[PDB]
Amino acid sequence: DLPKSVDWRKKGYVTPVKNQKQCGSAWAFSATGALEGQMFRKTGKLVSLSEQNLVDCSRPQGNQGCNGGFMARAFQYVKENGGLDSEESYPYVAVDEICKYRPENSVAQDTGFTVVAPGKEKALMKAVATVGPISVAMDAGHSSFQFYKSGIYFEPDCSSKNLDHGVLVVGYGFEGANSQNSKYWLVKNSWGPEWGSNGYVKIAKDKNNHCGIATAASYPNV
């Protein structure tokens, strides 16, 4: 059945780490990271997508730009809008601006999104293994996360229910030889390559949905 490990970065599904800077747009980076991987799966072409397009244009769907938002509202906006522009055509500036969506510059589409059963790490494992990178929310409100550097992240004060940060699960794995021991979720952050481990963090896997990684997972349908 399911592989002992997955890493979509090794198959060309993931763009290099990005930096949201001083703007609460992590939800937008998480949504573009999931759409980048589904579009790569569908066309074989990896194209960086515009977080700014989401920040400026998805207020009608319930997002609030640099004040926060949700990946599912972003996929709903891509669906209702009929498209989403490339990173190159609609560059990121980390401030709320006027919607400048240009259909001629669109390089992605989705028909809606699929939800992972909430709180179910095994359902999340199956989604990651068979679909590609998955958008997820997590409790990142801790100094231990801010200064994380390496190893399997584990924070006693983490919540599986009150989440404040959107990220992207690009795979899962384990340390050592036993595939069922010291497992982790491979997670792409949006605080620059300089943060954490080359912009990534290993989050403890199958330890009671630590930090809520499987509480609100979803992926776009392309």
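Residue numbers run from 1 along the displayed sequence.
> According to the deposited model, is the average Cα temperature factor higher in 149 to 157 or in 187 to 195?
That would be 149 to 157.
> Would 174 to 182 or 55 to 63 have the larger average of its C-alpha temperature factors, as given in the entry?
Higher of the two, by average CA B-factor, is 174 to 182.
> Sorting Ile134, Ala117, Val93, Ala74 by Cα temperature factor from the record, which one lands on top?
Most elevated C-alpha B-factor of the set, per the entry: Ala117.
> Report the third (lowest, middle or highest) to which the CA temperature factor of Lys18 belongs, ranking only the modelled residues of the same chain.
Answer is lowest: the recorded C-alpha B-factor places it there.
> Place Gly166 in the lowest, middle or highest third of its chain's C-alpha B-factors, as listed in the PDB entry.
CA B-factor rank for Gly166: middle third.
> Lowest, middle or highest third: which one holds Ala216 when the chain's residues are ordered by CA B-factor from the entry?
CA B-factor rank for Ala216: highest third.
> How does the C-alpha B factor of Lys205 compare with the rest of the chain: lowest, middle or highest third?
Highest third of the chain for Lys205's C-alpha B-factor.
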